[PDB]
$ cat protein_0.cif   # mmCIF, C-alpha atoms and all ligand atoms
data_upload
#
loop_
_atom_site.label_atom_id
_atom_site.label_comp_id
_atom_site.auth_asym_id
_atom_site.auth_seq_id
_atom_site.Cartn_x
_atom_site.Cartn_y
_atom_site.Cartn_z
CA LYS A 1082 18.83 -19.91 -7.92
CA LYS A 1083 18.20 -17.38 -9.67
CA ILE A 1084 16.20 -19.03 -12.50
CA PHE A 1085 15.08 -22.10 -10.62
CA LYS A 1086 14.26 -25.24 -12.57
CA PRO A 1087 10.54 -25.37 -13.28
CA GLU A 1088 10.26 -28.95 -12.08
CA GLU A 1089 11.83 -27.98 -8.76
CA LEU A 1090 9.40 -25.09 -8.31
CA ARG A 1091 6.49 -27.34 -9.17
CA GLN A 1092 7.52 -30.05 -6.75
CA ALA A 1093 8.19 -27.60 -3.91
CA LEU A 1094 5.31 -25.18 -4.37
CA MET A 1095 2.45 -27.38 -5.56
CA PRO A 1096 1.75 -28.72 -2.03
CA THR A 1097 1.19 -25.14 -0.84
CA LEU A 1098 -1.37 -24.63 -3.65
CA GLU A 1099 -2.99 -27.95 -2.87
CA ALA A 1100 -3.41 -26.80 0.75
CA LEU A 1101 -5.52 -23.92 -0.57
CA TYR A 1102 -7.60 -26.11 -2.88
CA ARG A 1103 -8.33 -28.52 -0.01
CA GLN A 1104 -10.08 -25.78 1.95
CA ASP A 1105 -13.84 -26.28 1.78
CA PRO A 1106 -15.89 -24.13 1.70
CA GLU A 1107 -13.31 -21.40 1.52
CA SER A 1108 -11.49 -22.17 -1.74
CA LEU A 1109 -14.64 -22.53 -3.88
CA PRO A 1110 -14.88 -18.92 -5.21
CA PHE A 1111 -11.13 -19.00 -5.96
CA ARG A 1112 -10.91 -22.21 -7.98
CA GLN A 1113 -11.70 -20.73 -11.42
CA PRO A 1114 -11.15 -17.42 -13.18
CA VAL A 1115 -13.77 -14.81 -12.35
CA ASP A 1116 -16.31 -14.33 -15.18
CA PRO A 1117 -17.92 -10.98 -14.33
CA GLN A 1118 -20.89 -11.01 -16.65
CA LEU A 1119 -21.83 -14.62 -15.83
CA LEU A 1120 -21.54 -13.88 -12.04
CA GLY A 1121 -23.46 -10.57 -12.22
CA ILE A 1122 -20.51 -8.44 -11.08
CA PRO A 1123 -19.91 -6.43 -14.21
CA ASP A 1124 -17.59 -3.80 -12.54
CA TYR A 1125 -15.14 -6.52 -11.50
CA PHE A 1126 -12.43 -5.86 -14.10
CA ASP A 1127 -12.73 -2.13 -13.66
CA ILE A 1128 -11.71 -2.51 -10.03
CA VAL A 1129 -9.49 -5.60 -10.35
CA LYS A 1130 -6.83 -4.78 -12.92
CA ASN A 1131 -4.94 -8.10 -12.53
CA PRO A 1132 -7.31 -10.97 -11.78
CA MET A 1133 -5.81 -14.15 -10.35
CA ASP A 1134 -7.22 -17.53 -9.26
CA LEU A 1135 -6.04 -20.95 -8.17
CA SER A 1136 -6.43 -22.59 -11.60
CA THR A 1137 -4.32 -19.90 -13.24
CA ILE A 1138 -1.60 -20.32 -10.63
CA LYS A 1139 -1.68 -24.08 -11.09
CA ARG A 1140 -1.37 -23.63 -14.86
CA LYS A 1141 1.62 -21.35 -14.36
CA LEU A 1142 3.36 -23.99 -12.21
CA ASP A 1143 2.47 -26.74 -14.68
CA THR A 1144 3.80 -24.77 -17.65
CA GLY A 1145 6.96 -23.38 -16.09
CA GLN A 1146 5.94 -19.72 -16.01
CA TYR A 1147 7.64 -18.81 -12.74
CA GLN A 1148 11.37 -18.16 -12.78
CA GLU A 1149 11.70 -17.83 -9.02
CA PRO A 1150 9.45 -18.60 -6.07
CA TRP A 1151 8.59 -15.05 -4.98
CA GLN A 1152 6.68 -14.71 -8.27
CA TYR A 1153 4.41 -17.52 -7.12
CA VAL A 1154 3.99 -15.97 -3.65
CA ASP A 1155 3.13 -12.67 -5.33
CA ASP A 1156 0.39 -14.30 -7.43
CA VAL A 1157 -1.19 -15.96 -4.38
CA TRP A 1158 -1.14 -12.61 -2.56
CA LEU A 1159 -2.54 -10.85 -5.65
CA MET A 1160 -5.48 -13.28 -5.50
CA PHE A 1161 -5.99 -12.42 -1.82
CA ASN A 1162 -5.64 -8.68 -2.26
CA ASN A 1163 -8.10 -8.70 -5.17
CA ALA A 1164 -10.69 -10.37 -2.97
CA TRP A 1165 -10.17 -7.96 -0.06
CA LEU A 1166 -10.34 -5.03 -2.53
CA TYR A 1167 -13.49 -6.00 -4.40
CA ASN A 1168 -15.69 -7.54 -1.75
CA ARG A 1169 -17.27 -6.11 1.37
CA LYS A 1170 -16.07 -7.27 4.74
CA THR A 1171 -19.24 -9.15 5.56
CA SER A 1172 -19.15 -11.25 2.37
CA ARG A 1173 -18.33 -14.93 2.20
CA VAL A 1174 -15.56 -14.31 -0.33
CA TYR A 1175 -13.87 -11.79 1.99
CA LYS A 1176 -13.98 -14.06 5.03
CA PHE A 1177 -12.99 -17.10 2.93
CA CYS A 1178 -10.00 -15.10 1.62
CA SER A 1179 -8.91 -14.38 5.16
CA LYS A 1180 -8.98 -18.10 5.99
CA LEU A 1181 -6.96 -18.97 2.87
CA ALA A 1182 -4.36 -16.38 3.85
CA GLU A 1183 -4.04 -18.03 7.28
CA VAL A 1184 -3.52 -21.44 5.69
CA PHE A 1185 -1.08 -20.17 3.09
CA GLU A 1186 1.07 -18.39 5.67
CA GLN A 1187 1.64 -21.64 7.53
CA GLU A 1188 2.35 -23.71 4.41
CA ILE A 1189 4.61 -21.32 2.54
CA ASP A 1190 7.06 -20.50 5.30
CA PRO A 1191 9.11 -23.69 5.46
CA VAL A 1192 8.95 -24.11 1.68
CA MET A 1193 10.45 -20.68 1.01
CA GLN A 1194 13.15 -21.34 3.61
CA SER A 1195 14.00 -24.58 1.75
CA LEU A 1196 14.19 -23.01 -1.70
CA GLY A 1197 16.36 -20.01 -0.90
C1 LIG A 1201 -19.67 -15.62 -3.53
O1 LIG A 1201 -19.37 -16.51 -2.53
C2 LIG A 1201 -19.45 -17.82 -2.77
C3 LIG A 1201 -19.20 -18.63 -1.71
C4 LIG A 1201 -19.35 -20.00 -1.85
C5 LIG A 1201 -19.72 -20.56 -3.03
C6 LIG A 1201 -19.96 -19.72 -4.15
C7 LIG A 1201 -19.83 -18.38 -4.01
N1 LIG A 1201 -20.24 -20.29 -5.37
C8 LIG A 1201 -20.23 -19.54 -6.60
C9 LIG A 1201 -18.74 -19.38 -7.09
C10 LIG A 1201 -18.69 -18.40 -8.26
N2 LIG A 1201 -18.84 -17.02 -7.80
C11 LIG A 1201 -17.79 -16.28 -7.41
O2 LIG A 1201 -16.66 -16.79 -7.45
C12 LIG A 1201 -18.06 -14.90 -6.95
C13 LIG A 1201 -19.35 -14.35 -6.88
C14 LIG A 1201 -19.59 -13.05 -6.45
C15 LIG A 1201 -18.51 -12.24 -6.03
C16 LIG A 1201 -17.24 -12.77 -6.12
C17 LIG A 1201 -16.98 -14.09 -6.57
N3 LIG A 1201 -15.66 -14.54 -6.54
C18 LIG A 1201 -14.61 -13.55 -6.79
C19 LIG A 1201 -13.25 -14.16 -6.51
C20 LIG A 1201 -14.83 -12.33 -5.94
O3 LIG A 1201 -13.90 -11.62 -5.53
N4 LIG A 1201 -16.12 -12.00 -5.66
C21 LIG A 1201 -20.22 -21.75 -5.55
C22 LIG A 1201 -20.72 -22.46 -4.31
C23 LIG A 1201 -19.84 -22.02 -3.16
#

$ encode --input "protein_0.cif" --output "structure tokens" --more "lines below"
Ligand SMILES: COc1ccc2c(c1)N(CCCNC(=O)c1cccc3c1N[C@H](C)C(=O)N3)CCC2
Amino acid sequence: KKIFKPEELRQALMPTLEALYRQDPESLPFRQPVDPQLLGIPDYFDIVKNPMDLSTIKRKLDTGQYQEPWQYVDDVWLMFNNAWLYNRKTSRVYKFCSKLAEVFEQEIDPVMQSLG
């Protein structure tokens, strides 16, 4: 509390991120930052004001950018909400997002209870 040590956040939270990365096929669109021109979705940043992806979250854990664990939870949820905002409900990314949210819910609960 209330600025947690970065090494403690990394040790506690990284397994929850790893759980997301282990999901195949579902994590694949989330593993790298979105590049709208290269992917042919040029309106992406117009709609998605705060992009987020698994590699960025990992980098933030690795580099001590979270002061407290709810900031990490908020970035994971930002990633999910961006995908549900941008994509149509029939798309792979939308359905994959929903699966990741299921996995994350299960993983994050006991970890947050342990951190305070
Ligand atoms: C597009 O669905 C898939 C599904 C599986 C795979 C791939 C792509 N690919 C491509 C992965 C790169 N393309 C995207 O990442 C992406 C593309 C269009 C829309 C969106 C994209 N992602 C962002 C997060 C979004 O919200 N909409 C690899 C094989 C597995």

$ closest_atom_pairs --input "protein_0.cif" --of "chain A" --to "ligand LIG 1201 (chain A)" --cutoff "10 Å" --atoms "only C-alpha atoms and all ligand atoms" --output "CSV"
residue,atom,partner,partner_atom,distance
A:1105,CA,A:LIG1201,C23,8.9
A:1106,CA,A:LIG1201,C4,6.5
A:1107,CA,A:LIG1201,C4,7.1
A:1108,CA,A:LIG1201,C4,8.2
A:1109,CA,A:LIG1201,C23,5.3
A:1110,CA,A:LIG1201,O2,3.6
A:1111,CA,A:LIG1201,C19,5.3
A:1112,CA,A:LIG1201,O2,7.9
A:1113,CA,A:LIG1201,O2,7.5
A:1114,CA,A:LIG1201,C19,7.7
A:1115,CA,A:LIG1201,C18,5.8
A:1116,CA,A:LIG1201,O2,8.1
A:1117,CA,A:LIG1201,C13,8.3
A:1119,CA,A:LIG1201,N2,8.9
A:1120,CA,A:LIG1201,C13,5.6
A:1121,CA,A:LIG1201,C14,7.4
A:1122,CA,A:LIG1201,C14,6.6
A:1125,CA,A:LIG1201,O3,7.9
A:1129,CA,A:LIG1201,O3,8.9
A:1132,CA,A:LIG1201,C19,8.6
A:1133,CA,A:LIG1201,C19,8.4
A:1134,CA,A:LIG1201,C19,7.4
A:1160,CA,A:LIG1201,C19,7.9
A:1161,CA,A:LIG1201,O3,8.8
A:1162,CA,A:LIG1201,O3,9.4
A:1163,CA,A:LIG1201,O3,6.5
A:1164,CA,A:LIG1201,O3,4.3
A:1165,CA,A:LIG1201,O3,7.6
A:1166,CA,A:LIG1201,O3,8.1
A:1167,CA,A:LIG1201,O3,5.7
A:1168,CA,A:LIG1201,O3,5.8
A:1169,CA,A:LIG1201,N4,9.2
A:1172,CA,A:LIG1201,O1,7.2
A:1173,CA,A:LIG1201,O1,5.1
A:1174,CA,A:LIG1201,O1,4.9
A:1175,CA,A:LIG1201,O3,7.5
A:1176,CA,A:LIG1201,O1,9.6
A:1177,CA,A:LIG1201,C3,7.9
A:1178,CA,A:LIG1201,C19,8.8

$ atom_distance --input "protein_0.cif" --atom1 "atom CA of residue 1090 of chain A" --atom2 "atom CA of residue 1137 of chain A"
15.5 Å

$ atom_distance --input "protein_0.cif" --atom1 "atom CA of residue 1091 of chain A" --atom2 "atom CA of residue 1139 of chain A"
9.0 Å

$ atom_distance --input "protein_0.cif" --atom1 "atom CA of residue 1154 of chain A" --atom2 "atom CA of residue 1118 of chain A"
28.5 Å

$ closest_residue --input "protein_0.cif" --among "A:1140, A:1155, A:1104, A:1099" --to "residue 1183 of chain A" --atoms "only C-alpha atoms"
A:1104

$ closest_residue --input "protein_0.cif" --among "A:1084, A:1128, A:1093, A:1142" --to "residue 1190 of chain A" --atoms "all atoms listed in the file"
A:1093

$ closest_residue --input "protein_0.cif" --among "A:1187, A:1194, A:1171, A:1144" --to "residue 1087 of chain A" --atoms "only C-alpha atoms"
A:1144

$ axis_aligned_box --input "protein_0.cif" --around "segment 1171-1176 of chain A" --padding-each-side "4 Å" --output "JSON"
{"center_x": -16.6, "center_y": -12.0, "center_z": 2.6, "size_x": 13.4, "size_y": 13.8, "size_z": 13.9}

$ closest_residue --input "protein_0.cif" --among "A:1179, A:1100, A:1159, A:1149" --to "residue 1130 of chain A" --atoms "only C-alpha atoms"
A:1159

$ build_atoms --input "protein_0.cif" --residues "segment 1118-1139 of chain A" --atoms "N, CA, C and O atoms" --output "short mmCIF file (atom, residue, chain, number, x, y, z; two decimals), keeping the file's coordinate frame"
data_model
loop_
_atom_site.label_atom_id
_atom_site.label_comp_id
_atom_site.auth_asym_id
_atom_site.auth_seq_id
_atom_site.Cartn_x
_atom_site.Cartn_y
_atom_site.Cartn_z
N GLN A 1118 -19.54 -11.08 -16.12
CA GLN A 1118 -20.89 -11.01 -16.65
C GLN A 1118 -21.71 -12.20 -16.17
O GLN A 1118 -22.84 -12.03 -15.73
N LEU A 1119 -21.14 -13.40 -16.25
CA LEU A 1119 -21.83 -14.62 -15.83
C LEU A 1119 -22.19 -14.58 -14.32
O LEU A 1119 -23.27 -15.05 -13.93
N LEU A 1120 -21.31 -14.00 -13.48
CA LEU A 1120 -21.54 -13.88 -12.04
C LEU A 1120 -22.36 -12.64 -11.62
O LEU A 1120 -22.64 -12.46 -10.43
N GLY A 1121 -22.69 -11.77 -12.55
CA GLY A 1121 -23.46 -10.57 -12.22
C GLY A 1121 -22.69 -9.51 -11.43
O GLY A 1121 -23.27 -8.76 -10.64
N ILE A 1122 -21.39 -9.44 -11.69
CA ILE A 1122 -20.51 -8.44 -11.08
C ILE A 1122 -19.76 -7.68 -12.17
O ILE A 1122 -18.55 -7.76 -12.29
N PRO A 1123 -20.50 -6.94 -12.98
CA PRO A 1123 -19.91 -6.43 -14.21
C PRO A 1123 -18.81 -5.37 -14.02
O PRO A 1123 -18.10 -5.15 -14.99
N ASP A 1124 -18.66 -4.75 -12.82
CA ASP A 1124 -17.59 -3.80 -12.54
C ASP A 1124 -16.29 -4.47 -12.10
O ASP A 1124 -15.34 -3.77 -11.80
N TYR A 1125 -16.25 -5.81 -12.11
CA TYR A 1125 -15.14 -6.52 -11.50
C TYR A 1125 -13.81 -6.13 -12.14
O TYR A 1125 -12.87 -5.80 -11.42
N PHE A 1126 -13.69 -6.17 -13.47
CA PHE A 1126 -12.43 -5.86 -14.10
C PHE A 1126 -12.07 -4.38 -14.09
O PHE A 1126 -10.89 -4.02 -14.26
N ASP A 1127 -13.06 -3.54 -13.85
CA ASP A 1127 -12.73 -2.13 -13.66
C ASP A 1127 -11.93 -1.92 -12.39
O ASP A 1127 -11.00 -1.11 -12.38
N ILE A 1128 -12.32 -2.62 -11.32
CA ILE A 1128 -11.71 -2.51 -10.03
C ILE A 1128 -10.46 -3.37 -9.93
O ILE A 1128 -9.48 -2.95 -9.34
N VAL A 1129 -10.55 -4.60 -10.45
CA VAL A 1129 -9.49 -5.60 -10.35
C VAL A 1129 -8.73 -5.63 -11.68
O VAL A 1129 -9.15 -6.25 -12.66
N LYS A 1130 -7.61 -4.94 -11.69
CA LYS A 1130 -6.83 -4.78 -12.92
C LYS A 1130 -6.09 -6.05 -13.29
O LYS A 1130 -5.83 -6.28 -14.49
N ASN A 1131 -5.72 -6.87 -12.32
CA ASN A 1131 -4.94 -8.10 -12.53
C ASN A 1131 -5.60 -9.26 -11.81
O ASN A 1131 -5.16 -9.64 -10.72
N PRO A 1132 -6.65 -9.83 -12.40
CA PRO A 1132 -7.31 -10.97 -11.78
C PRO A 1132 -6.37 -12.15 -11.60
O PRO A 1132 -5.41 -12.33 -12.36
N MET A 1133 -6.62 -12.96 -10.58
CA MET A 1133 -5.81 -14.15 -10.35
C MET A 1133 -6.65 -15.16 -9.61
O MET A 1133 -7.46 -14.78 -8.75
N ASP A 1134 -6.44 -16.45 -9.86
CA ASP A 1134 -7.22 -17.53 -9.26
C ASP A 1134 -6.36 -18.77 -9.17
O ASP A 1134 -5.28 -18.85 -9.79
N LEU A 1135 -6.82 -19.76 -8.41
CA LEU A 1135 -6.04 -20.95 -8.17
C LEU A 1135 -5.73 -21.72 -9.43
O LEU A 1135 -4.64 -22.28 -9.57
N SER A 1136 -6.71 -21.82 -10.34
CA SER A 1136 -6.43 -22.59 -11.60
C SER A 1136 -5.35 -21.93 -12.47
O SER A 1136 -4.55 -22.62 -13.11
N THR A 1137 -5.33 -20.61 -12.50
CA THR A 1137 -4.32 -19.90 -13.24
C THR A 1137 -2.95 -20.12 -12.63
O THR A 1137 -1.97 -20.36 -13.35
N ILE A 1138 -2.87 -20.06 -11.31
CA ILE A 1138 -1.60 -20.32 -10.63
C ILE A 1138 -1.12 -21.74 -10.88
O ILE A 1138 0.05 -21.98 -11.17
N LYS A 1139 -2.04 -22.69 -10.81
CA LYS A 1139 -1.68 -24.08 -11.09
C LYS A 1139 -1.14 -24.19 -12.50
O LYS A 1139 -0.12 -24.88 -12.74
#
